[PDB]
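In: Sequence first, structure after; it's an experimental one.
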Amino acid sequence: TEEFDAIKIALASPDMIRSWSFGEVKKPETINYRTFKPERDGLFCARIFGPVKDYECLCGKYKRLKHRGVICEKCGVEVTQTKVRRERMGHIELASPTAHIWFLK
Amino acid sequence: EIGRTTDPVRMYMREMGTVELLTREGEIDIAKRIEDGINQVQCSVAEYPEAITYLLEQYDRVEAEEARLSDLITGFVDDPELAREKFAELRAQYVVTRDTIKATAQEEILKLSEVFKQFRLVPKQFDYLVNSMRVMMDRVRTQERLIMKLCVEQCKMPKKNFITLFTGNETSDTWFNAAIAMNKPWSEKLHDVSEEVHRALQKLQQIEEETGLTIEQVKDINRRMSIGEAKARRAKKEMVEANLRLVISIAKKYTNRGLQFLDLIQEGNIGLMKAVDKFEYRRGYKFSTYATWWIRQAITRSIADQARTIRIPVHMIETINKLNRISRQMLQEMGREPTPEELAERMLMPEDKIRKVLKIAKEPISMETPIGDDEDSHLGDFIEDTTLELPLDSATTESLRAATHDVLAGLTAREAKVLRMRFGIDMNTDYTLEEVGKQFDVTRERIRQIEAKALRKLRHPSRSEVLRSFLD
Amino acid sequence: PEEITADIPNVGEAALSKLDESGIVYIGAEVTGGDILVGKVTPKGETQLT
RNA sequence: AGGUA
């Protein structure tokens, strides 16, 4: 279903890195330990990478297939398919520029 | 050093080795110069009226019982009575000084700065006054730089000539005519941009009116400020750099208990700076003693947050530590094992909460660890994806959808149509009973009666047999 | 909390036959692949329906 | 970890 004649590899630009990212990871938090709902805005986040379970906002607001083309604006969490969590990338805004080890050693 | 090194620990030790340790009186001398700097900045804020007006506004709010007393002031250099007396005499000094504006004025300013010398305020309020005076500096320099940009880029004259001619009143038309007097071409060119420059001068005069002091005194007072925080920051940085060894020594005790040593010393340096900002020698204690508790708190916070893979609250971490200590005590006393009954007895905590806490206290393990003690397979190679619908269930769902569509096709037009939107069958949306009734231009019991008729028709053992298999 | 019981929702009675009133298979009962040995049930959470 | 080819 996908057609492409070739693959390009190149240097990723900060602008296009932000283009890939759906949200900025600002906290090292992961989950609420007892409640395994991911934190905001941690490495695991429904507000950034998408909902954990199929087609429902992770706030208890919208739980249906009807709410799939519209994201939840009543809270940070958006509502889409869960497979989206396998594809959405994030970005971290480094305070100081950092050298790439591959281009170094 | 330059020894083909790639460890930040090594050259961090190199950096800390440059600064020599201090003595007990050395800390007092450095804190004394810090106190001199902070007194200088307090005097600079003293000569600024508007920050004092803001402080008096918050004092009045506190008197109206709208703000906390301990959020404005902390201690004094010789309680609500002392605060009230000092703020009353301070308001008197402020008004008697302001009256001299709108010899004698210098004496009033000196007495005003003296009556602030008694005040010792909360770091937050002091930081607010510092930021207000800093934005005063920013606005003054912004007006000056706007005049710079206009006169230079619009009249094509070098930056060197401006400093001599403009400085001295800076808020009058004297320099306009003075520069024009030499019949310079840029003087003639200035006549086409004179309106904007004069409007900016008007804004500068408005800023002066807001401050209530002439702009020259504003520059004098803010330069005194700037040198004040420069001295204060230099002395504080000297203290922090000289006290890194304490942080390193304290953190290396916590390194054997997990977590990177470098993160520990960085957090300890943060706590050390916090202690330096809060340190005083009027207490009479040693700086090391005060900084020790701050560093321990920072280290504990770091272990609580950045060492646990999953977040655990600091109070929960302390509860875990207490549970572990009491467990060790009971283990060494009874000599066999920590029994949950005694653990429940020692705490106010029931016991189910104890076991759930014990479960929480353990950290997650990597999948990259080998399952079976160094088998060439990893743990994550066995973890089944539980978020994926089984193809058996997907085929069952497809067959059920086909059967429901066929059955709905087996019914009448309006009944099947109502059923499609009532439950969201074969469209990506679902509609309520009243929503379907509105489109069917019948909003009454009739729509629900149609739904019930469809249900009753489906009750027959000719359309339910096909759906009977799906639900057992 | 999970519990062990003989009564399992939506299962055949053959499975219930080999268990006691405690939900545990009798010692010595002959079992094959797919037979139920322990009647564990888990408190079902929120359910999404197509 | 051990064992098989």
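Out: Ah, there it is. Numbering: from 1, shown residues only, chains lettered A, B, ... in the order given.

In: Tell me the span between the first and last residue of stretch B:164-175.
Out: 10 Å (Cα to Cα, to the nearest Å).

In: Strands of chain B, residue ranges please.
Out: In chain B, the strands defined using DSSP state E lie at B:73-76, B:119-121.

In: Please apply the same query to chain A.
Out: According to DSSP E, chain A carries its strands in the segments A:21-24, A:31-32, A:35-38, A:89-91.

In: and the closest residue in space to residue B:463 that isn't next to it in sequence, how many neighbours does it have?
Out: Leaving aside its chain neighbours, residue B:463 sits nearest to residue B:407 (5.2 Å; criterion: Cβ to Cβ, 6 or more residues apart in numbering or on different chains). Yep, even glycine has a C-beta here, placed from its N, CA and C like the rest. The local packing of residue B:407 (other Cβ atoms under 10 Å in any protein chain shown) involves 17 other residues.

In: likewise residue B:10?
Out: Residue B:10 - counted by other Cβ under 10 Å - has 12 other residues nearby.

In: Residue numbers of chain B in contact with chain C?
Out: B:397, B:472 (Cβ under 8 Å from any Cβ of the partner chain).

In: State which helix of chain B is the longest.
Out: Determined from DSSP state H, the single longest helix within chain B is helix B:123-155.

In: Please point out which parts of that one sit buried.
Out: Within helix B:123-155, the residues that count as buried by 16 or more other Cβ atoms under 10 Å in any protein chain shown are B:125-126, B:128-130, B:133, B:136-137, B:139-140, B:143-144, B:147, B:150-151, B:154-155.

In: Neighbours of residue A:39, how many?
Out: By other Cβ under 10 Å, the residues close to residue A:39 number 20.

In: do the same with residue B:90
Out: Other residues close to residue B:90 by other Cβ under 10 Å number 20.

In: Wait, it touches residue B:117, no?
Out: No: applying Cβ atoms under 8 Å as the test, residue B:90 and residue B:117 come out as separate, 11.0 Å apart.

In: Centre-most residue in chain C?
Out: The C-alpha lying nearest the average C-alpha coordinate of chain C belongs to residue C:39 (Cα atoms, centre = their mean; 2.9 Å).

In: Isn't it up against residue C:18?
Out: No: look at residue C:39 against residue C:18 with Cβ under 8 Å: they stay out of range, at 10.0 Å.

In: show me the contacts for the residue nearest to the centre of chain C.
Out: C:4, C:5, C:6, C:7, C:8, C:19, C:23, C:24 (Cβ atoms under 8 Å, 6 or more residues apart in numbering or on different chains).

In: now with 7 Å?
Out: Listed by Cβ atoms under 7 Å, 6 or more residues apart in numbering or on different chains, the contact set of residue C:39 reads C:4, C:5, C:6, C:8, C:19, C:23.

In: Next one: it relative to residue B:386, how far apart?
Out: Distance of residue C:39 to residue B:386, given as Cβ to Cβ, to the nearest Å: 22 Å.

In: How about residue B:142?
Out: The gap separating residue B:142 from residue B:386 is 60 Å, by Cβ to Cβ.

In: need the strands of chain A in CSV with distance to residue B:461 and mean neighbour count, can you?
Out: Below are those laid out as CSV (distance: least, Cβ to Cβ, whole Å; neighbours: other Cβ atoms under 10 Å in any protein chain shown):
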stretch, distance to residue B:461, mean neighbour count
strand A:21-24, 52, 16
strand A:31-32, 50, 16
strand A:35-38, 45, 14
strand A:89-91, 54, 15
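
In: Show me the contact partners of stretch B:7-20.
Out: Stretch B:7-20 is contacted from outside by B:1, B:5, B:241, B:242, B:244, B:245, B:248, B:262, using Cβ under 7 Å, 6+ apart.

In: Ok, stretch B:158-171 next?
Out: Stretch B:158-171 is contacted by residues B:148, B:151, B:152, B:175, B:178, B:179, B:201, B:204, B:205, B:208, B:215 when judged by Cβ under 7 Å, 6+ apart.

In: Determine which two of these are furthest apart.
Out: With distances taken as Cβ to Cβ, the most widely separated pair in the contacts of stretch B:158-171 is B:152 and B:208, at 23.4 Å.

In: how about the residues of chain B near RNA strand D?
Out: B:370, B:372, B:373, B:374, B:375 (Cβ under 7 Å from any atom of the strand).

In: interface residues of chain C facing chain A?
Out: By Cβ under 7 Å from any Cβ of the partner chain, the residues of chain C that approach chain A are residue C:48.

In: hmm, back to that, now the contacts of residue C:39 in JSON lines, with distance to RNA strand D, secondary structure and neighbour count?
Out: Listed next are these as JSON lines, based on distance: Cβ to the nearest atom of the strand, whole Å; DSSP: H, G, I helix; E, B strand; the rest coil; neighbours: other Cβ atoms under 10 Å in any protein chain shown:
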{"residue": "C:4", "distance to RNA strand D": "31", "secondary structure": "strand", "neighbour count": "12"}
{"residue": "C:5", "distance to RNA strand D": "36", "secondary structure": "coil", "neighbour count": "14"}
{"residue": "C:6", "distance to RNA strand D": "37", "secondary structure": "coil", "neighbour count": "15"}
{"residue": "C:8", "distance to RNA strand D": "35", "secondary structure": "coil", "neighbour count": "15"}
{"residue": "C:19", "distance to RNA strand D": "34", "secondary structure": "strand", "neighbour count": "21"}
{"residue": "C:23", "distance to RNA strand D": "34", "secondary structure": "coil", "neighbour count": "19"}
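
In: Run through the helices of the stretch 301-450 of chain B in chain order.
Out: B:314-334, B:340-346, B:352-361, B:391-410, B:413-423, B:433-439, B:445-458 (DSSP state H, counting those that start in this stretch).

In: I meant chain C, not that one.
Out: Assigned by DSSP H, the helices in chain C fall at C:13-17.

In: ok, residue 53 - how many residues close by?
Out: Picking chain A for this. Neighbourhood size, residue A:53 [other Cβ under 10 Å]: 14.

In: wait, I meant chain B there
Out: Neighbours of residue B:53 (other Cβ under 10 Å): 13.

In: got it, and residue B:16?
Out: For residue B:16, the count of nearby residues is 16 (other Cβ under 10 Å).

In: Then residue B:273?
Out: 18.

In: Wait, it touches residue B:239, no?
Out: No: at 8.9 Å, residue B:273 does not count as touching residue B:239 under the criterion of Cβ atoms under 7 Å.
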